[PDB]
Structure formats: C-alpha cells, structure tokens
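For reference, the structure is listed below as structure tokens.
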Amino acid sequence: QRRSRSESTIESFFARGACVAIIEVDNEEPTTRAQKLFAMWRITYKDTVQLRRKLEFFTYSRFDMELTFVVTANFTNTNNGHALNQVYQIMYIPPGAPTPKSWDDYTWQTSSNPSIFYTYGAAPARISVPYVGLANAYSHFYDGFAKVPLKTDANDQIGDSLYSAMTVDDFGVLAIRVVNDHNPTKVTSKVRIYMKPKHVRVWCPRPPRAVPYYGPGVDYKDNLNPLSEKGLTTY
Amino acid sequence: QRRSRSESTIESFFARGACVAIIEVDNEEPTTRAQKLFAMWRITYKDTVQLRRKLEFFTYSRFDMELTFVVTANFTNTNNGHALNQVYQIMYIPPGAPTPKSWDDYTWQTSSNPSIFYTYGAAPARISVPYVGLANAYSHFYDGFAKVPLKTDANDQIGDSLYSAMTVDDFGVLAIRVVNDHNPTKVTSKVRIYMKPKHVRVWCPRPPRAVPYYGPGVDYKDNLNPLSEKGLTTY
Amino acid sequence: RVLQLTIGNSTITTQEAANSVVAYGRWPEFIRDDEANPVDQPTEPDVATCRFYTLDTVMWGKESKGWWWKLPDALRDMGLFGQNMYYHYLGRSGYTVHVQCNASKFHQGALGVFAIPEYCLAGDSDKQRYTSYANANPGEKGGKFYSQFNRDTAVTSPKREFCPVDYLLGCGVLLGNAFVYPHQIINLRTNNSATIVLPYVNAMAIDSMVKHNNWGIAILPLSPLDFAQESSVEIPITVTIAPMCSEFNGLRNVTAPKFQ
Amino acid sequence: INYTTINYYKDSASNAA
Amino acid sequence: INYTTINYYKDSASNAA
Amino acid sequence: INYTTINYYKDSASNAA
Amino acid sequence: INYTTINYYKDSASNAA
Amino acid sequence: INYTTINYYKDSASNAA
Amino acid sequence: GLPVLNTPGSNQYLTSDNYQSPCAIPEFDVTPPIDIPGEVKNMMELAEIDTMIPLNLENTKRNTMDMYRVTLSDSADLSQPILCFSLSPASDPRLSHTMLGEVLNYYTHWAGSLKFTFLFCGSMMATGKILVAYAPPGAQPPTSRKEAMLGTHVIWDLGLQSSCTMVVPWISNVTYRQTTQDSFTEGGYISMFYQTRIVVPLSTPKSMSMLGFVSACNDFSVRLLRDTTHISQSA
Amino acid sequence: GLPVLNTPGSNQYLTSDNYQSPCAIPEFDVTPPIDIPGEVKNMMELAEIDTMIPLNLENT
Amino acid sequence: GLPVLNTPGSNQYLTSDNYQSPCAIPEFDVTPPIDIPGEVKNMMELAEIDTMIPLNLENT
C-alpha cells in the first residue's frame, strides 16, 4: 500500500536502449586489401553483454523493436582537404535475398528491401520493426539440434549439425555503404546501432549469468570464481 | 481463416521504391569536350531490372507516382579548395516542349514547366505525379506498330516504323543542371531518382521474364539456359 | 449433352463435349456505357455475320515444334469481315477459337492451346525491335517455332523477321509458367476438341485493327506424338475462329498495306 | 486503439495509401 | 491535469508505450 | 474523402488558391 | 472566409496584433 | 483573450509551470 | 507560433513510408477507368493458378523442351521410384521457377496447404495404377514402396480418369515456414511408385509420358516482402 | 512543445504549389473592382472564337 | 502553412523516450500469441521467489 510498483514493470525494465554493434565503413581509393567500401553486420543481440545478460532472465519473449543509427566520421590526414557532406545507405536484407559483393552491384537498387538514406549531420535514424518471429515467441536458449544423424547415412557430415541453434542465418544482415564516389581523401565512419524493445511480454524466468560470456553458446572458459573473500562470522 | 492476407495485396506489393537511373552532372570550366553542365534523362522504367521485372507480371496497369531525388557530391583534387553549398534545378519537360541546348538558355526560365529547386544537404525532394496516361491504363507490351506501310508509298522509309512501340517520346525528360556559375574547382554530382507507385490497379496477369533482359524490347541474346543441374529421382 | 454449338449459320457439332473455357470469366458484349450522350448507331455487322471461318490445316508430325497465329491478323484474307476491317478506322471484336484435332485410340500425345493477350514475339538480329511489317504479320499461314536461337548474320540483307524459341515461348518466359493464360489441353486420350471464348481485352474502349493485334494463339505439343511402332506419322490440326459481337466505326478509303 | 488521417492537400495523387 | 495521445501511424509497432 | 483548409493569416493575399 | 487565432503563451506581451 | 495549454508527455516533471 | 520539438528520425528517407506528398501538376483531369477483364486484387490469384513444373532435369535434356515430361514405360523396374522431390517451393530447383516459385521468392515466410495435379498423356488402351505419396520430415527419405505406403498417399488409377489431385496438408510445428534452403523447417518428401505395372497391348507404344502440376489452396498466405535471386543485371 | 517529425520533401521549392505565405504589406485597403466588360472565366473562351488560318504558304 | 517555433531539446537522441516512430515493414501479419505458462508481469515476481544465499565464504 502507498508504494508505486510502476518502475519495476517489464515494459519499464526494458525502457533503455543499449548498443548492439559498431560497424566500420571507410571511403578510400579501392585497394588490393580487404576493402571496407561496404560493411555487413549479422543481426543478433548476443554481441554485447549488458543487453544479453538482461534478456536472459527469461526463456521466451516477444517484443517489437526500435532501432537507432548514430554515425560519426573522421579524417586521416592532419591538414586534410575539405570534403562535402556525405550520404549513407543502410540496407536491410532478409534471409535468402542476394548479398552484395562489390561497392555497386545490381542489388543496391533497393527494389524490394527496405533501406534508409541518412544524410550526415542531421537527427539520427529511428525506425520500428514489429514482431518478426515465426513461432509464437522468440526462443532464447534453444535446447535441441537442427538435424538428427540417422543410422542409414552415408557419412557423418550429412547428419551433422550444431548444438543449440535454430537456424544458421537468423534475421539476415544490414549492409551499410556510402553513396558518394571515392576520393583521394578518405573518411572513416563508425555506425552505432541502438535497440529499444517495445510492447514486451516475457515468460518463464531463469537466473542470470554470473561467469563472463564466451561466444554465442552457453559455455564458459575463464573466470570461474565469482564470489569474493569474506569471513563467516564477521559483520 | 485466421491468416492475414494483407501483406500480399497489390498496393502492398509495390510499396517499396527502387531506383530507375543515375545521372551524372558536373560543374567545371567549360571545355571543348561533351560538357556535362546540364544532363537529361528520358523518363522510363525499363532501365533497371528489379522494377521492370516486377511490373511485367501484368499487361495493363494504372497507378500514381511518387519520385524522390537523392543527390551526392565529390571533389576531384586532394586538398581541393573549399566551395559554397550548391543549388540544383530539376526540371520536367513534357513531350513537345523546347529542349535546352546550353547551360543557360531562354528555356530555363521555367515559365510553364514545373521545376524543383533543391538546396544541397537538406531532406530529399519528394513530389507526386498523377495518372498521366491518355488511354484508360498504361500499356505494358504494346504489340503492334505505330505506322502501316501502304502499297501506294514512294519508298520504304515513309511507311517505316518500329515494332512494339506506341510513341517515340513517352513522357518527356528531366533536365538537371546546377544553378551556380562554374568554378576552377569542380564538383561531380550523381542524382538518383527513386520511384514508388501509389493507388495501383492492375489487370491481365502474365508470367515473368526468366532470361536476362536486352534492350527496351522483349527479345533476348544471352544466357538462354536458366534451369540448373538436378537429378531426376534424387530428393 | 453433345454440343450443337451454333453461331450464325454454321454449326459446330461434336462427338465429345466436355467444357468451354470463357477467358477471364466474361462473355463478350458491345460497349456498355450508361453515361453515353450520343445515341447514334455505329456500323455493326451483327445481323448474320458471326460465322466460323476456317484457317489452314497444319500437319503435326513427330518432330514438329509448334505453331502461332495472331488475331485479327489471321482473318484479313477471307470473309466479309476482312473487308470491313479495312474500310473502318477502328473496331472491336470477340472470338471463339475452336481447335479440333482427331486421332485414333492408339495414338498418344497432348497439345496445349493458349491465348496470350498482347503477344510480343522476339526478333533475331541484334538490332533491337527491328522487324518489318510483312514478316511480322504472316497471316493465316501462321508461323512455326524453333529449337535453338539462331540469330541472323546477313547484314546487307537483314531478314527482319522473328525467331521464337519454343520453351522460351518467344517472349522470354518459361513454358511451365505459361498456364496463367486462359488455356486448354487437347489430350488425345480423352477429348479431341478445344473451344476458348475470348473477350475484348485492350486498354482503350475501341482501337484500330490494321496496326494492333490483341490476342495471340500458340499451340505447343506438350508431349510428342507417337503411333504404334513407326517413325513417320502425321495427323492434321485445323483451327476455326468466329468473330462474335463485332462493331466498327469511322469509314474512310480502303487501305492495302504491302506484304511483299 | 485507433489513429487519425487528415488529408491536407487538394490533389488526389497527393494522398496516402 | 491530463495529456493527449493521438496515434498517427497505421502500423501497430509504430505506436508508443 | 476530403481534406482541411484552415486560413492562418489575417491578410487576404496570404491565403491559398 | 476566416482564419484561426490561438494564443499559445501565458504572457500578455507575447500575443499578436 | 485566453490561450491553450495541452500537456503532451505522460511524466509529471515534463509539464510546464 | 507553435512550440514544436523535433524527434529523432527526421530528415531521413525511409523507403517504406506512406507520407503525404505535394503534387507537381495540380488541377488534373484524370482519364476515367473502364471495366478491363481480369482484374488482380491480390497476389494470391497468381499462385493459385495451376502451373507446370519441370521434372526431368538431367544434363542431356535440361533447359530443353523435353524437361517437363517423365518417361514411364512397361519395361521399367517396379521397386524403383519414378520421381522424387522435396517440398521446398523456393529452394528446390525443380520448384523454384514455377509460378508458385516465382511468387514465393519475393516473400520470406509462407504457409498453406498446396496441391499437386498429375496428368497421364499416354494412349487410350494403356492402364495401370500409380501410388503417389507424401511424408513429413524427420526420417530418412523413403526409398522403396514398403516404407513409403505409411505416410499420406493416394492410389491413383490410370484407367477411369487421367488425372489425380493430391492435397498436401499443413503439418508444421511453426506457424510459418521459410522460402530458403533450411534444415530446421524442412517441407517433406514426394515420391511416386508403381502400384501395379503398366499393362499395354500390342500395336500400342510402350513409352508413355506424364506431366506434373502444382497449385495452392485457398488458405495459402505469405509475408515479409524482400528481394529476388532470379535476375542479374550484367553491367 | 509538440513532437513533430520532418518528412522528405521539406525545404524544397516546388514551383507548382499552393502554400500559405506571409504578406509583406499588412492592413492594406484594396481598390474595389468594377464591371469592366468582357471577362474571361476560362481559356476555352479564346479557342472557341472563330479565327482565320493561313492557307497559301508558297515561297513567293 | 503553420507558424511553428522550435524549442530547445530538438534533434537530440535521448535514450529514455516514448516517441512515435515510422515502421519499416508495413502491412505485417503478426503471429498471434498463445497461453505459454508462467508469465512474468513485473520484476517483483522474481525477487519474491525464495532463493539460497552463500554463507560460508572462507578461503578454502
């Protein structure tokens, strides 16, 4: 009685939006090296730790999304020549669609895929994504396999699979490139994607992770000793 | 029952806007070469492949339009001198109107033709065009000719025409130029036009193209073997 | 149940009567405009001139590939319909393509009768959309498909004529995708006839007939013919078209285009 | 839960889907 | 003291908490 | 389907067509 | 033909002529 | 002569004096 | 005037949006529509049209006219299957280029019961029985008739009629399957065996032929439009 | 104050538009019109006036 | 059109905000929910679950 329990609700517990990745994309003369003219990022939440460890109180969940793209830039020379204001093309790719291979393919025509043109310097981009799951809820911690090796198989690799994985490619990629043609002056860009869940419903609570993460699994290698030193009968 | 069939409707199938062209326009000292002080683009949809192959499920159609102009810029020297913010003049020209010939004619006074002034750096341009057809629907795949060669003709060229074409000049051109006078520093621009149909009604479905396109016709020259290798009784 | 299919004066009876595909579910009629202010009447040859005209007979061998016609290109040779189409500037029509192809009980094979609206075929030379008039309108004699794409190399005398490929159907689509057109299959096991009623499909309300060709008929042998054990076997195919509910407008002097 | 659509322009092609 | 919430977009995920 | 025209300025020449 | 004047600010000097 | 105050945000500290 | 406050997501150009947009040619007298036959109100009246699939894709006869028919005869082995293919209507190469395939490559998810229709085009005197069978995933693909009669199957006669109709039901753990080659959401298997041998009299050809079709019932549905991979703009 | 969101098509100058626009000379006493004869209400009362064509355009 | 006036606090990105935001994939048929057992309506149905503490934290 007379205590507002509204700050601890689920829709208020996921109110903040934490980063999920940082993507390098560069604009230089095309070299023989690994050219960062366009960059790609597999859509996942298990890249950072603070959003991952927060979502894994819960086994199943369903929630909308609200992404936000914050773009910075730099130069690489001291009194480098001036450059005009640049335009970025963020592009979503569903699973199965053709992946870009060069800076300028036939696939950057965005004829079906939704894409966001972001002039540098303005307010950040801010788009929403509905519940794009195919079950009735997203499934953290899938237990089984994807394939089952049968007795009648020829060799081992046919029935081979990967433990605790539902699909090889979940939710596709983003494909960020710079629309302007390259220059003798090069401008290093670092896109940061934020993520804020909305309309959150969760189920089946579970205790949180308390050794540091290691890979996209549920395993562990290092720092297996979390609790500190403290006496038994000392206040 | 209990399946939303709303994602597959015609007005939702044409919801994305794909590019139709990329136009170079440059701002340099006027040379003896082909000066790109102003550039022109014949209005057509059969320049890219993803919008063309999507519209050609259907023989007849009528639909509005919503164009969008995305403009980038560059320099051509390393520590090139700085330059002020530039202004572009996109200009529509209906069929029959006088075509510009120099950078600054009497025809850039835009006294009848609608034209869009776009200061560089701001939000993109975004204009709508109603159904500008003269039949009751746009006609993809016109079968006949424009002219019929008669027996009483003098020579062949009088009754000569072009197969599968309704008019030589459909819908005119765009004429993009840069308003600012030229500089000793030159700024290369690349305008990209997007196109998003609205209020779409279509008729008479037909199967899609499955060999790669070649020209504005319906013919083909290369890659006449689309289906891959696969066994008969292998799962 | 045996169809005594009678239009005009001619009569199409049958030995088997199964179905009659009405294309896109609409029977043909005249122009139905309730907001019409002029009540004057055009020139309609509709009092006795809905007749069944019969084209040439083609022979479907064992290694024959296909046939194709156009409409109303195929009707310019015969009938009084072929004369009204020249004096009048513009007119509309509807068709009933009836294809009979008889065989015994020991033959096999199956045709497929399509009716493609706006049937744009493909040229052969690398000059794009470069086709003469007389080669693009062969008339009632039709044209034949081919196996492989063999483009022409004669540059001083270009052929300026089509070269369609059968499994590309000429246009560029696959053949398995070509059943979204209103179609019919003459399976020689069960039936030996195929009637397709074609409405007037065009963007305008009424359009010219000398230059434009609305429908295109294409007959593809989906399965090759085979008699008992022989390697030479020829059965005939005969096509029959009836112009239903035609009307015309705007007389002028006669036009005779050249057909070399 | 609903929303509000108010057409602002006089032209027919200017409206929304 | 109150306020006003007017949903502007047609999509369900576009709305506010 | 209609729209809404609200004249905002006091002057007569400020209005729309 | 008329228009609409809605005073937005609380202060008296903030209003329009 | 009056004015119009419409509170837009849900939070109490977001309002005006 | 009015104290507005800009939110993030301003000045961007999202491609999938429904904003108002100013017309360029005002006061325009639009050509009124007429009742052109065959109006498509939805993409589902293209998938539900019965279309032919290519079956026999061996290396002599793929990309040829004779890739659609299956040679079944009197001297065929009785224990071996006639034709075998999984039920993956966008990744299986025998079902990718069908009209059901060419629509489902635009959409990521799909669900609904789809139906097959075979057509026997032999002579009148030829008889026989054919067992066509379907099997949900999880086991080995059925090899012989002894283990393929367990699943859902239709014994199809060749003497009375000349066409079957097999409605593959919708058995799936997830609500929506995918249009990619995935092992977590596998469709099934289709196989066709000889129930009894084909009986052919003398003076009758021994080599018959078979055509196979595909459709979709009135409960098929898709979502999440994306790009396609059946085109390539060679520039 | 009010959470607005800019859409594309802002800060451009389209020539064919009907926006409101601030007056420069407010409180202006406009001269009232009178009934001058021959008012044109539409361009079609110029085409429908019967006019002569040039026919004989030989080079002399 | 309408005389708006920008206030301070515009063009920023505050992380804790509840603004409207344009959807990227419109006309989407959402999978309907089912009654999965054990729905958490609030963080307080996690603290109130009785859990064990570590007491004897000596260095062995």
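Residue numbering restarts at 1 in every chain; chains get A, B, ... in the order shown in the structure tokens, and ligands count up from 1 in that same order.
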Problem set entry | Spatial neighbours of residue 8 of chain G, 7 Å, only C-alpha atoms, chain gap at least 5 places, as number ranges by chain | H: 3-4; I: 2
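For segment 7-73 of chain C, the set of residues given strand (DSSP E) by DSSP on the backbone reads residues 7, 10, 11, 12, 21, 22, 53, 54, 55, 56, 57, 58, 59, 60, 67, 68, 69, 70 and 71 of chain C.
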Exercise. If we count only C-alpha atoms, what is near residue 16 of chain H at a cut-off of 10 Å, once residues fewer than 6 positions away on the same chain are taken out, given as a list in words?
Worked result: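 The filter keeps residues 5, 6 and 7 of chain H; 1 of chain J.
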Emit the selected residues as an mmCIF file, in the first residue's frame, including C-alpha atoms.
data_model
loop_
_atom_site.group_PDB
_atom_site.id
_atom_site.type_symbol
_atom_site.label_atom_id
_atom_site.label_comp_id
_atom_site.auth_asym_id
_atom_site.auth_seq_id
_atom_site.Cartn_x
_atom_site.Cartn_y
_atom_site.Cartn_z
ATOM 1 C CA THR H 5 -2.302 24.526 -22.604
ATOM 2 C CA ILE H 6 -2.184 20.891 -23.730
ATOM 3 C CA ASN H 7 0.107 18.582 -21.779
ATOM 4 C CA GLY J 1 6.308 21.589 -27.016
#
Can I have chain K aligned to chain J? Use a least-squares fit on all Cα atoms paired in order and write it out as a compact mmCIF listing (two decimals) with N, CA, C and O atoms, in the first residue's frame.
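Final output, superposed-v9.txt:
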# COMPACT_ATOMS: atom_id res chain seq x y z
N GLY K 1 7.61 21.04 -26.68
CA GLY K 1 6.31 21.59 -27.02
C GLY K 1 5.41 20.58 -27.70
O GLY K 1 4.40 20.15 -27.14
N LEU K 2 5.77 20.21 -28.91
CA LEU K 2 5.00 19.24 -29.67
C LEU K 2 5.95 18.38 -30.49
O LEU K 2 6.75 18.92 -31.27
N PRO K 3 5.93 17.08 -30.35
CA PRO K 3 6.88 16.23 -31.07
C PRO K 3 6.57 16.05 -32.55
O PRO K 3 5.90 15.12 -32.98
N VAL K 4 7.06 16.96 -33.37
CA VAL K 4 6.91 16.85 -34.81
C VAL K 4 8.05 16.02 -35.37
O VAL K 4 9.05 15.75 -34.71
N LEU K 5 7.89 15.60 -36.62
CA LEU K 5 8.87 14.78 -37.32
C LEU K 5 8.88 15.24 -38.77
O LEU K 5 7.84 15.20 -39.43
N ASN K 6 10.03 15.67 -39.26
CA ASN K 6 10.13 16.12 -40.64
C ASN K 6 10.03 14.94 -41.60
O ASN K 6 10.58 13.87 -41.35
N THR K 7 9.33 15.15 -42.69
CA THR K 7 9.21 14.18 -43.76
C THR K 7 10.10 14.62 -44.91
O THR K 7 10.54 15.77 -44.94
N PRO K 8 10.43 13.72 -45.84
CA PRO K 8 11.12 14.16 -47.05
C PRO K 8 10.24 15.07 -47.88
O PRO K 8 9.01 15.04 -47.81
N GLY K 9 10.89 15.91 -48.68
CA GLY K 9 10.18 16.94 -49.40
C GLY K 9 10.09 18.23 -48.64
O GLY K 9 9.25 19.07 -48.97
N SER K 10 10.92 18.42 -47.63
CA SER K 10 10.97 19.65 -46.87
C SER K 10 12.14 20.49 -47.36
O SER K 10 13.10 19.96 -47.93
N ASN K 11 12.03 21.80 -47.17
CA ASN K 11 12.96 22.85 -47.59
C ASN K 11 13.15 22.95 -49.10
O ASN K 11 14.04 23.67 -49.54
N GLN K 12 12.36 22.25 -49.90
CA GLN K 12 12.45 22.42 -51.34
C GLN K 12 11.55 23.57 -51.76
O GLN K 12 10.70 24.03 -51.01
N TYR K 13 11.73 24.01 -53.00
CA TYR K 13 10.84 24.99 -53.61
C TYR K 13 10.29 24.35 -54.86
O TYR K 13 10.91 24.39 -55.92
N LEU K 14 9.13 23.74 -54.74
CA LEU K 14 8.40 23.29 -55.91
C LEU K 14 7.67 24.48 -56.50
O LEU K 14 7.15 25.32 -55.75
N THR K 15 7.66 24.59 -57.82
CA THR K 15 7.07 25.78 -58.43
C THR K 15 5.55 25.73 -58.41
O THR K 15 4.90 26.75 -58.18
N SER K 16 4.97 24.56 -58.65
CA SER K 16 3.52 24.40 -58.65
C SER K 16 3.09 23.99 -57.25
O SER K 16 3.00 22.81 -56.93
N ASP K 17 2.80 24.98 -56.41
CA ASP K 17 2.34 24.71 -55.06
C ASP K 17 1.37 25.80 -54.61
O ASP K 17 1.36 26.90 -55.17
N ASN K 18 0.57 25.49 -53.60
CA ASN K 18 -0.47 26.39 -53.14
C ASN K 18 -0.36 26.66 -51.64
O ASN K 18 -1.34 26.61 -50.91
N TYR K 19 0.85 26.94 -51.17
CA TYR K 19 1.02 27.10 -49.74
C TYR K 19 0.57 28.49 -49.30
O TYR K 19 0.47 29.42 -50.09
N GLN K 20 0.28 28.60 -48.01
CA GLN K 20 0.13 29.89 -47.38
C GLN K 20 1.46 30.63 -47.39
O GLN K 20 2.53 30.02 -47.41
N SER K 21 1.39 31.95 -47.37
CA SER K 21 2.63 32.72 -47.47
C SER K 21 2.43 34.06 -46.79
O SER K 21 1.38 34.67 -46.97
N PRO K 22 3.41 34.54 -46.02
CA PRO K 22 3.19 35.74 -45.21
C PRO K 22 3.15 36.99 -46.07
O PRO K 22 3.96 37.16 -46.98
N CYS K 23 2.19 37.87 -45.79
CA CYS K 23 2.09 39.10 -46.55
C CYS K 23 3.17 40.08 -46.13
O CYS K 23 3.62 40.08 -44.98
N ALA K 24 3.59 40.91 -47.07
CA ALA K 24 4.63 41.87 -46.77
C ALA K 24 4.06 43.21 -46.33
O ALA K 24 4.65 43.89 -45.49
N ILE K 25 2.93 43.60 -46.89
CA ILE K 25 2.32 44.89 -46.57
C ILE K 25 0.98 44.61 -45.91
O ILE K 25 -0.04 44.49 -46.61
N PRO K 26 0.93 44.47 -44.60
CA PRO K 26 -0.34 44.15 -43.94
C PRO K 26 -1.20 45.39 -43.78
O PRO K 26 -0.71 46.52 -43.88
N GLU K 27 -2.49 45.14 -43.52
CA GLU K 27 -3.52 46.17 -43.35
C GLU K 27 -3.60 47.08 -44.57
O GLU K 27 -3.29 48.26 -44.52
N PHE K 28 -3.99 46.49 -45.70
CA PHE K 28 -3.94 47.18 -46.97
C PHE K 28 -5.36 47.34 -47.51
O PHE K 28 -6.13 46.38 -47.53
N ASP K 29 -5.69 48.55 -47.95
CA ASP K 29 -7.04 48.88 -48.39
C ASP K 29 -7.09 48.72 -49.91
O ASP K 29 -6.69 49.61 -50.65
N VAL K 30 -7.61 47.58 -50.36
CA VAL K 30 -7.56 47.21 -51.76
C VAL K 30 -8.61 47.99 -52.55
O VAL K 30 -9.74 48.18 -52.09
N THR K 31 -8.22 48.46 -53.73
CA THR K 31 -9.13 49.16 -54.63
C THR K 31 -10.23 48.21 -55.10
O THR K 31 -9.93 47.14 -55.63
N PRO K 32 -11.51 48.57 -54.94
CA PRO K 32 -12.57 47.63 -55.26
C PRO K 32 -12.77 47.51 -56.76
O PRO K 32 -12.57 48.48 -57.51
N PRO K 33 -13.16 46.33 -57.25
CA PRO K 33 -13.31 46.14 -58.69
C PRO K 33 -14.62 46.69 -59.22
O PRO K 33 -15.59 46.88 -58.49
N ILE K 34 -14.63 46.94 -60.52
CA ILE K 34 -15.82 47.40 -61.23
C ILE K 34 -16.08 46.45 -62.39
O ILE K 34 -15.28 45.56 -62.69
N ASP K 35 -17.22 46.64 -63.05
CA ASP K 35 -17.71 45.71 -64.06
C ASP K 35 -17.14 46.12 -65.42
O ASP K 35 -17.82 46.70 -66.27
N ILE K 36 -15.88 45.81 -65.62
CA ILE K 36 -15.25 46.00 -66.93
C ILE K 36 -15.78 44.94 -67.88
O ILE K 36 -15.86 43.76 -67.50
N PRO K 37 -16.21 45.31 -69.09
CA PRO K 37 -16.83 44.33 -69.99
C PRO K 37 -15.86 43.30 -70.51
O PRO K 37 -14.68 43.57 -70.73
N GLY K 38 -16.37 42.09 -70.72
CA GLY K 38 -15.63 41.06 -71.41
C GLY K 38 -14.71 40.26 -70.52
O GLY K 38 -13.52 40.12 -70.83
N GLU K 39 -15.23 39.72 -69.44
CA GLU K 39 -14.40 38.96 -68.52
C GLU K 39 -14.20 37.55 -69.02
O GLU K 39 -15.17 36.88 -69.40
N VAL K 40 -12.96 37.10 -69.03
CA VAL K 40 -12.62 35.75 -69.43
C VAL K 40 -12.58 34.88 -68.18
O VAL K 40 -11.78 35.12 -67.27
N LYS K 41 -13.44 33.86 -68.14
CA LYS K 41 -13.50 32.97 -66.99
C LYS K 41 -12.70 31.70 -67.18
O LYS K 41 -12.53 30.95 -66.21
N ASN K 42 -12.19 31.45 -68.38
CA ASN K 42 -11.59 30.18 -68.76
C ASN K 42 -10.91 30.36 -70.11
O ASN K 42 -11.37 31.15 -70.93
N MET K 43 -9.83 29.61 -70.34
CA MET K 43 -9.12 29.64 -71.62
C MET K 43 -9.95 29.18 -72.80
O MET K 43 -9.55 29.41 -73.94
N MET K 44 -11.07 28.51 -72.56
CA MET K 44 -11.86 27.98 -73.66
C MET K 44 -12.70 29.04 -74.35
O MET K 44 -13.18 28.79 -75.46
N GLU K 45 -12.87 30.20 -73.75
CA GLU K 45 -13.49 31.32 -74.46
C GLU K 45 -12.48 32.14 -75.25
O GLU K 45 -12.75 33.29 -75.57
N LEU K 46 -11.32 31.57 -75.54
CA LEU K 46 -10.38 32.09 -76.51
C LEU K 46 -10.20 31.16 -77.69
O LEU K 46 -10.03 31.63 -78.82
N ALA K 47 -10.22 29.86 -77.46
CA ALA K 47 -10.13 28.91 -78.56
C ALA K 47 -11.41 28.89 -79.38
O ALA K 47 -11.37 28.77 -80.60
N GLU K 48 -12.55 29.04 -78.72
CA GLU K 48 -13.83 28.96 -79.41
C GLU K 48 -14.17 30.20 -80.21
O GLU K 48 -15.23 30.22 -80.85
N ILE K 49 -13.34 31.23 -80.19
CA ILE K 49 -13.56 32.39 -81.04
C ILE K 49 -13.03 32.09 -82.43
O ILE K 49 -11.88 31.65 -82.60
N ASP K 50 -13.86 32.33 -83.44
CA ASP K 50 -13.58 31.93 -84.81
C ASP K 50 -12.47 32.78 -85.41
O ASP K 50 -12.63 33.99 -85.55
N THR K 51 -11.36 32.15 -85.78
CA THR K 51 -10.20 32.87 -86.29
C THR K 51 -9.71 32.30 -87.61
O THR K 51 -9.94 31.13 -87.91
N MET K 52 -9.01 33.13 -88.38
CA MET K 52 -8.59 32.81 -89.73
C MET K 52 -7.27 32.04 -89.71
O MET K 52 -6.41 32.26 -88.86
N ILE K 53 -7.11 31.13 -90.67
CA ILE K 53 -5.87 30.37 -90.80
C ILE K 53 -5.12 30.81 -92.05
O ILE K 53 -5.73 31.33 -92.98
N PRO K 54 -3.80 30.68 -92.08
CA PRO K 54 -3.08 30.90 -93.34
C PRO K 54 -3.02 29.64 -94.16
O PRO K 54 -2.63 28.58 -93.66
N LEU K 55 -3.43 29.72 -95.43
CA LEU K 55 -3.53 28.52 -96.25
C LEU K 55 -2.42 28.47 -97.29
O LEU K 55 -1.67 27.50 -97.36
N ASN K 56 -2.30 29.52 -98.09
CA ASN K 56 -1.40 29.52 -99.24
C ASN K 56 -0.04 30.00 -98.76
O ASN K 56 0.25 31.19 -98.76
N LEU K 57 0.80 29.06 -98.36
CA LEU K 57 2.13 29.36 -97.82
C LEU K 57 3.23 29.08 -98.82
O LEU K 57 4.31 28.61 -98.45
N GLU K 58 3.01 29.36 -100.10
CA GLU K 58 4.08 29.20 -101.08
C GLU K 58 5.15 30.26 -100.88
O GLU K 58 4.94 31.27 -100.20
N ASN K 59 6.31 30.04 -101.50
CA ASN K 59 7.51 30.76 -101.10
C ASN K 59 7.50 32.19 -101.61
O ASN K 59 8.25 33.04 -101.11
N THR K 60 6.66 32.49 -102.60
CA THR K 60 6.53 33.88 -103.03
C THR K 60 5.68 34.67 -102.05
O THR K 60 5.94 35.85 -101.80
Per residue of chain I within 12 Å of chain G, record the nearest atom pair and its distance in Å to one decimal, counting only C-alpha atoms, with rows in chain order and ascending residue number, as JSON lines.
{"residue": "I:1", "atom": "CA", "partner": "G:8", "partner_atom": "CA", "distance": 7.4}
{"residue": "I:2", "atom": "CA", "partner": "G:8", "partner_atom": "CA", "distance": 6.9}
{"residue": "I:3", "atom": "CA", "partner": "G:8", "partner_atom": "CA", "distance": 8.5}
{"residue": "I:4", "atom": "CA", "partner": "G:8", "partner_atom": "CA", "distance": 11.7}
Exercise. When you draw a straight line from atom CA of residue 80 of chain I to atom CA of residue 56 of chain I, how long is it in Å?
Worked result: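 Computing the Euclidean distance for atom CA of residue 80 of chain I and atom CA of residue 56 of chain I yields 15.7 Å.
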